[PDB]
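Read the structure below first, then the notes.
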Amino acid sequence: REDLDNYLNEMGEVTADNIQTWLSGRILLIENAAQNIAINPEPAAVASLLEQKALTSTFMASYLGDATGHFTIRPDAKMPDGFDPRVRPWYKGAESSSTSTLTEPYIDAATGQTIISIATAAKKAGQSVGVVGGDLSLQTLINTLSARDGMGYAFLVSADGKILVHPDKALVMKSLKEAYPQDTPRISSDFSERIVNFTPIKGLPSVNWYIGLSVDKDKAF
Ligand code: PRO
Ligand SMILES: [Cl-]
Ligand SMILES: [Cl-]
Numbered sequence: 039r040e041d042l043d044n045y046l047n048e049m050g051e052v053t054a055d056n057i058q059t060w061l062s063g064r065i066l067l068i069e070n071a072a073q074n075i076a077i078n079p080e081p082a083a084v085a086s087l088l089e090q091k092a093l094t095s096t097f098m099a100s101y102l103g104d105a106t107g108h109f110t111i112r113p114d115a116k117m118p119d120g121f122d123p124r125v126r127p128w129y130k131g132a133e134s135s136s137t138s139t140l141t142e143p144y145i146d147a148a149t150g151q152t153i154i155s156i157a158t159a160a161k162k163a164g165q166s167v168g169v170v171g172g173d174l175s176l177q178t179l180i181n182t183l184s185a186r187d190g191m192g193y194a195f196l197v198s199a200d201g202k203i204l205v206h207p208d209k210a211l212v213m214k215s216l217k218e219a220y221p222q223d224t225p226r227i228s229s230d231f232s233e241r242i243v244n245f246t247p248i249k250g251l252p253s254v255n256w257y258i259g260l261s262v263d264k265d266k267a268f
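With full-length UniProt numbering as the guide, the letters of the sequence shown map in order to residues 39 to 187, 190 to 233, 241 to 268.
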């Protein structure tokens with residue numbers, strides 16, 4: 039048991055570091071996008087920035103919304119009638135953060151897919167000029183986790201217990217209790233009766256997220 043605990047802990051730390059280092063490169067691209075837009079926030083300049091291959095190859099789309107409701111998105115897309123960027127979770131979350139942020143999964147207004155967004159406020163010498171966001175699909179996050187490793193699966197859960205990414209998509213945005221009503225695992229401890244442990248992801252901006260490692264117990268050696 040000491041041996042399995044030591045290994046799950048070590049695997050959790052590995053998986054956690056790597057997803058942190060997958061995310062933080064993508065967080066830099068958005069921050070750089072926001073910084074460059076703050077240079078020249080004319081919508082022509084904005085649109086040429088978002089059309090660049092480093093962004094379009096990395097994200098489903100990236101975009102700028104501002105306090106008047108103006109919205110520029112690339113690749114371009116017809117947004118639903120009455121779409122307002124200011125009421126979307128990426129906008130509200132970047133507004134209330136002095137750093138960049140990452141949203142919990144939500145329903146993309148463009149694709150209708152489930153997505154998360156990296157967003158940060160774009161600031162021109164103290165003044166906000168809007169919020170820049172980039173979108174990653176839930177399926178992308180599942181694939182990025184399931185690529186990161190021996191015995192069970194990794195999933196991602198917020199500190200408050202909300203399951204964010206899980207290879208069982210039915211469990212996405214269920215709380216731990218709602219997903220696991222009989223004997224609920226607790227983040228508060230780092231082992232739970241499958242055996243499950245939680246490893247904090249360090250160094251993300253604005254969020255407190257955990258890697259959960261879930262392994263078939265008796266198969267584990
Ligand atoms: O759904 C949203 O709010 C973001 C912005 C447009 C595309 N995805
Ligand atoms: Cl990559
Ligand atoms: Cl446009």
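Built from N, CA and C at the ideal position, the CB exists for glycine as well.
Assigned exposure category for residue i - 16 Cβ within 10 Å defines buried
{"i": "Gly168", "result": "buried"}
{"i": "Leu93", "result": "buried"}
{"i": "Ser229", "result": "exposed"}
{"i": "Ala194", "result": "buried"}
{"i": "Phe97", "result": "buried"}
{"i": "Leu66", "result": "exposed"}
{"i": "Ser184", "result": "exposed"}
{"i": "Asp122", "result": "exposed"}
{"i": "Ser95", "result": "exposed"}
Nearest-angstrom Cα separation, counted from residue j out to residue i
{"i": "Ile156", "j": "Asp263", "result": "33 Å"}
{"i": "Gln151", "j": "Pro113", "result": "16 Å"}
{"i": "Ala85", "j": "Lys214", "result": "37 Å"}
{"i": "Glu133", "j": "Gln177", "result": "27 Å"}
{"i": "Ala54", "j": "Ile258", "result": "6 Å"}
{"i": "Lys217", "j": "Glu40", "result": "27 Å"}
{"i": "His108", "j": "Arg124", "result": "9 Å"}
{"i": "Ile203", "j": "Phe245", "result": "12 Å"}
{"i": "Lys116", "j": "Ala148", "result": "7 Å"}
{"i": "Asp265", "j": "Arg241", "result": "8 Å"}
{"i": "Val205", "j": "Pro79", "result": "34 Å"}
{"i": "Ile77", "j": "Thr158", "result": "15 Å"}
{"i": "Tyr129", "j": "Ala267", "result": "43 Å"}
{"i": "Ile248", "j": "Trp256", "result": "6 Å"}
{"i": "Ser135", "j": "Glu233", "result": "36 Å"}
{"i": "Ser198", "j": "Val254", "result": "8 Å"}
{"i": "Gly131", "j": "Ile75", "result": "19 Å"}
{"i": "residue 189", "j": "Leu42", "result": "No coordinates exist for residue 189 in the structure shown, because the numbering of the chain passes directly from 187 to 190."}
{"i": "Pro252", "j": "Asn44", "result": "28 Å"}
{"i": "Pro143", "j": "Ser175", "result": "9 Å"}
{"i": "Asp104", "j": "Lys209", "result": "32 Å"}
{"i": "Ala163", "j": "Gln73", "result": "11 Å"}
{"i": "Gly63", "j": "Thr224", "result": "34 Å"}
{"i": "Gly172", "j": "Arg226", "result": "31 Å"}
Local conformation of residue i per DSSP, three classes
{"i": "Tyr129", "result": "helix"}
{"i": "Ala159", "result": "strand"}
{"i": "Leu204", "result": "strand"}
{"i": "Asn181", "result": "helix"}
{"i": "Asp263", "result": "coil"}
{"i": "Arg241", "result": "coil"}
{"i": "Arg112", "result": "strand"}
{"i": "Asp173", "result": "strand"}
DSSP beta-bridge partners of residue i
{"i": "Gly164", "result": "According to DSSP, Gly164 bridges with nothing at all."}
{"i": "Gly192", "result": "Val262"}
{"i": "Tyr144", "result": "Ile153"}
{"i": "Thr246", "result": "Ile258"}
{"i": "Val197", "result": "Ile203, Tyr257"}
{"i": "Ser138", "result": "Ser138 is not bridged to any residue."}
Closer than 7 Å: residue i CB and nearest ligand 5 heavy atom
{"i": "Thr110", "result": "This structure simply doesn't include ligand 5; it includes ligand 1, ligand 2 and ligand 3 instead."}
Every unbroken alpha helix (DSSP H) inside the segment 45 to 109 [4 residues or more]: 81 to 88, 91 to 94
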